[PDB]
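Below: one protein chain in two forms, given as structure tokens, structure 1 then structure 2.
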Structure 1
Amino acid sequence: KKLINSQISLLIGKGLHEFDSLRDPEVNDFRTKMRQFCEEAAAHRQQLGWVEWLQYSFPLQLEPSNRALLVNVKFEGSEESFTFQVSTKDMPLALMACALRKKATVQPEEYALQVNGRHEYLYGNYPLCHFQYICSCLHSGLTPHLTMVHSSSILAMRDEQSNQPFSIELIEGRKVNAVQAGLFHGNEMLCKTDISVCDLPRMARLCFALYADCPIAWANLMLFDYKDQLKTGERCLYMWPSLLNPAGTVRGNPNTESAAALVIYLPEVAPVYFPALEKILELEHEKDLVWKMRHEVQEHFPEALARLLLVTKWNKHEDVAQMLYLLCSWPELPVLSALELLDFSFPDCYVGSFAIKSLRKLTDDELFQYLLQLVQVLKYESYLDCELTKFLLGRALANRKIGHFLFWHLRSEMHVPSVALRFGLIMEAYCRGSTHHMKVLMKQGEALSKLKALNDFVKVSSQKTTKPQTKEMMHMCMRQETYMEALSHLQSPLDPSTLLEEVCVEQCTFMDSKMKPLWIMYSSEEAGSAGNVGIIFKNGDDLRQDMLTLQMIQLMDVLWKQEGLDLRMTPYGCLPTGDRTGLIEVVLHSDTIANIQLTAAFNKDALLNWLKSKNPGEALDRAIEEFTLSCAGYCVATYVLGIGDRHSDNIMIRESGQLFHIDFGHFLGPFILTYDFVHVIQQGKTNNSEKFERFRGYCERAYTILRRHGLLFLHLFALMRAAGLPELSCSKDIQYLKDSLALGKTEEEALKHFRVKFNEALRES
């Protein structure tokens, strides 16, 4: 009744009074409208069925021949566990019907299979092989553990989890040192840094830059307000430190004490708004030809809308109204085309609304893949109340996994003052819709706060004393009441399906490096070996570049699995949580190349003998295949993304044989093919052509599949420019993908070019 308001403030890292203190009507209009939208989404959520509620809380973790395996099935009420044998091609209902007959001695449509000690469920018309939990148990050799949960238990859980030419007067400034004005409609100008007042578009930006050559500060603002009315008159521009930047935020600097301010005046012409859609509908040499053929583009080339929207004159109101008439009648564009329109080059709200309309067909799995890029588009946005915010919030309240990651993508960027207001207001609105999930994320917030204090304890002690004494100091600090309660019994921020319960204090350690990252181990009695999970807590380094690289490798694996090619990739979870704060998922039963190299007689034998120890007898044959597929997959991945600084310490190998990279610090500027890995692929033989030429084929096929989806990597990386990455800021960064994948060249021309690069790495081996 009263605690909710106080709980949001602690959770989002900013007090609710701070929004009210600004006295801005736009912020107040957002808080009132979004709350009603979020509460209506929460009202429909309670009206949903028991299976529909499972689709929200526990989304199906699905995979992107008459095998049989035993399954341990138990009930909610009793501790009785009935183990029986089933088939991999069987439906979950068949497993439920078989479990029903076991309890009869000692209807299945009323049950749902819950994964023991996990926030995951098995349901729907899909064979057992299509589930992520089943396939993971098969390679580990473990038997799946499921619990029968009746419809009444899911329904009871739902009830407990409920809620004239344009001119401006340049007055004065106040800066520190020893003013260029320009009008923009996206990435390009409207006039020279010479435009009529009636010839001004709705999404027009007035950009400023203060300099002496030495750049000092910049400031951008919208000509029209949130209520479609042109701004008048006097305005104070709180400048941001630094030629002219149109991509930057249209909101002033919050530090009104130290940052520079510029006073400007907007001359009154009448209370002139912008004409509504109803009124709009009535009204080198290649660019002119494309605009001439505009009707043929709407009828024959719908995909060419992006090229048509760049050629249209935004500085003339006649061309804008003519284009908008076609846009309202324009057919629905596919996912790939809609992602291109979200870029800063297309600022118009109607273009943005058309993109959202085309993005409505996205599945919860597809939305999760591009979620990071969609959150970045919010930075490019002009106003708080927009279609992208409504779409991201509406889908976050429809799927709890989406709502989990959306929150963390907004919470991690709260320390940045340019996005602190927007991201905080979106999180506040989401909390009004999901009251129970707000409490769930609070437990994660308490755990990360304790981890920061534990990392600070380690950072100080490691300098004062040695490594074994600092480890025991960390152990004694963890054993405390406050630490044992906050760090136990919570949903993992890296994966909401994974439950972190008991923390194994003795297994917990730290790396003796510059930032001192924490190693946190867990265990669950209900889950068993599935509950044995680890988390790496890092503080001081920016993990935004590490996550993006790991998300692209995850995307590569998804695109390869779509064409029936499983290159056994290891896409472990990486997620930033705050100011240089983040988490890394531990890939258990794996070690670095350096640790294994340090019995074997030679360096080439070190990796092979380790595989012979973990996979004995005929199990070694699978480990070589697992290594060959993973090496070929990561070889293309490290070449396309351009991952440099590669040594034995940043390359890891699983006990099953799977090879994977870690520590992605530098990207986008050949691929390493050292004989140490080649020796494993060739089964230990000095000369094995039949085993090497197969590996050569896997590298060539993986490269061609990514070339076909070449535009997808180009569209997503262009949207990530808003984040402000140090290695992904200029047009030269996106050019690396155009050079590595060779988009301009044909399928055969790029494959022949790839063969030269493949032989270059083999000659250096």
Structure 2
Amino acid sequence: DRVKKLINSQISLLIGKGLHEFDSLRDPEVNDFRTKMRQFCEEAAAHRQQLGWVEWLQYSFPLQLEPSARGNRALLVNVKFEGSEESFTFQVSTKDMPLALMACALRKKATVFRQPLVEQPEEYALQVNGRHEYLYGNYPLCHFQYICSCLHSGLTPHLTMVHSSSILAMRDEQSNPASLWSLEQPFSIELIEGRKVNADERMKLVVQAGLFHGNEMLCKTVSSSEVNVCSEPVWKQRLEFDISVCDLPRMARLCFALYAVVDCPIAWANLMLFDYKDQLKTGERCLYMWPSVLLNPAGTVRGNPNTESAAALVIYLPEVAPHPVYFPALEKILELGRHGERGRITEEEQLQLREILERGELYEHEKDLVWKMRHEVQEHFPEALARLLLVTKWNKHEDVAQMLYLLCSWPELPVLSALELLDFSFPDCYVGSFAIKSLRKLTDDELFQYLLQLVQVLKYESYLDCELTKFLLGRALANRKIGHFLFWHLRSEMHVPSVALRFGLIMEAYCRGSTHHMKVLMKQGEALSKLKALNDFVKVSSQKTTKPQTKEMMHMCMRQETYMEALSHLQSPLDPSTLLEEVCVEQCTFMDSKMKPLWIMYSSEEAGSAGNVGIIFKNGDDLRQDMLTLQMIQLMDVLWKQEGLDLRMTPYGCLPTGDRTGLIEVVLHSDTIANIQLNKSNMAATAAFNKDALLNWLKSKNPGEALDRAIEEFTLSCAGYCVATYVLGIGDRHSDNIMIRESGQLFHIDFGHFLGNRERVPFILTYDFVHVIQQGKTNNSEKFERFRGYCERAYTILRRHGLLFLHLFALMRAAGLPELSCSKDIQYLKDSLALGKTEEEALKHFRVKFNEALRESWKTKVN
């Protein structure tokens, strides 16, 4: 009671919505979700409380491995022991396991402390200094993301030997405190009246209505009669749909659209015909409609929360029986579908099936053949499940029972196929459950890669308690990195009234499961409060006083006790492994752009060089599209690295955290092309020609022999971003949104416009980069053509995984991004990846675009 009331107020602050509002609804669906999901999450917290010390490391500090390891050389390593400032530098091989390194550290400890030790290497974990990152398991050193980054950057790994008893003390510290088919009457509803309708009084009001099973219409859309415009329109009329009440599928939704005629659209509404407990809905309903900016089937089945102004359509769902009618059980359904005649198929008719299954829209007579051959499909082409599901007649219960009988015997599908089955175009709760079963095999690394999309799938759900929510909640409770990000993906959409109820409930369920992680997340949101307040002080001050004056005004504001306490010693929302220890106030600043984004610098004494990190607080712009583009780029880099192609990419973090608010990870020792190209006086890189400025900057940052590898880092990262921006249609590319690292790595920032946005983005080649690739020479086709090979290679690797990109982009349509909503945007990708052509055909096409970019590049060399 004493702690439960505090935990409840902590949860409420964390999610920015009071838990009392959930109870004020008096909603049974909400209440049952809160009881059931708190049971599931506390069970998980208890399971975690007893975990072994190595399993607790797997929960808190999951391994960050290189993509090639997933599923030789000398190396200097510095190792200290927890509780001592003394350290030991020693040489190891890139192929040695952490155990060998730990055993070597223990021998070099026994020889200094003159004592034959009791502790063994098996009792220790290697922590990365000043990070929530560990090195454990049977993997060679080079296979870890930390050691791998240290070899490229030439840096020395600094590890700490943490004992098993210390790891177990962290676990203890973070403890949680103690029958339908008989009804053959046509489906009908009574459109009674409307409220708060704001429309043109010269026009008349109409109510269109469709019956949907996801994207497909169950029957033709019906329309209401015209009634003069006013705040309270009255109809009191019965609308009949060409479908039997027995034929209505389980996941069927009634979609409404209120509009004016002489074509101004006013509002929309949806609802499920079956409630969460499978009962057919009866009685009067008040539908608080959403404003339209015609019928919207993919829209939310929950009403508009603002009842103080939303227009409300009043409907009556008739009583089709004297008793409540529930949806038949799986046992009753499987028996109907179990009986299903099998006919013999011709060998000439079997050639037509194998061709269209491997070929993708179908013709009317081909669907007839796909359905007839459903049994041969299940047993020889099980990967064609989604084609068959689309040919099934969801408005004819005999077909649906027959399909579900095959589904329950269907072999498990590869992850790529399951991702397709999560699309709104497959709304059956059993299809969704078969897809989740096939996704259970996803590794925590694959899960995390597609986590963003899986969160958008939750918006397509028809009911609060679903298999996907339980799967995502179960994975978040067993891996703290997944839990961290799943929290921030939901927390960032709390300002959207259509998703606030579901996301606030899922966040509450997680907080029951991890009380310690709630405190860690609160500390992060508290920092975000102070950052918003400090960015507001800057947004105002910057437009009166000069940039250097506003900087010391910001620095004094940051030096207040409330700021110094809130902004220090927290986990980075961008990376849970990165600890943000001491704010370096004098190092902080802000951009002179419209939204004045804050650049907050941090340092750590325990972490050293790796502890010096930056975060950019952005308020005013929507960070969702950058986050998606960056994840897509990082996916391309994982795909390329899996084929042994490392193109030296820079997928920095970017996380939306609230309404037009979010963080971006600063990439240090990097500058924009525009700033290097300023060609300033008295500095190192000043050149005779501007085409040299960038190569002279690389020359000053990488002296002598370092330059040759800096040019190769540039070439590889160039080839990678040329392909990525081409495939993704990233336009609006200029010198101020292209940055380069002191290492030679080139990268892109400011991903506001992608997928052509409506024009087709060509392949781009800047001659300023071509000059760096050619090592400052006018003609160097040896180096230039290596670059063209790196490009062709990168492009062909991505095409082999084009379906993965298409399925992921299809799931992202749920997010509501203005430049990603319909098939028109997904078309840009099929064109850029040339997915309908053969490899030699698509490479030939790609070669033409690269040559066309080269002709465009010579138009600036000749000048």
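Basically, rigid core = biggest C-alpha set you can superpose within 1.5 Å across the two forms. Here, a residue number simply tells you its place in the sequence of structure 1, counted from 1.
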(request) After fitting the rigid core, tell me which of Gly617, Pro334, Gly77, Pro331 has its Cα displaced by at least 2 Å between the two structures. (result) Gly77
(request) On a rigid core superposition, how far has the CA of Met203 moved between the two structures, in Å, if you could check? (result) 0.2
(request) Once both forms sit on the same core, give the Cα displacement of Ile134 between the two structures in angstrom. (result) 1.1
(message) Using a rigid core fit, what is the CA shift at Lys464 between the two structures, in angstrom?
(response) 2.1
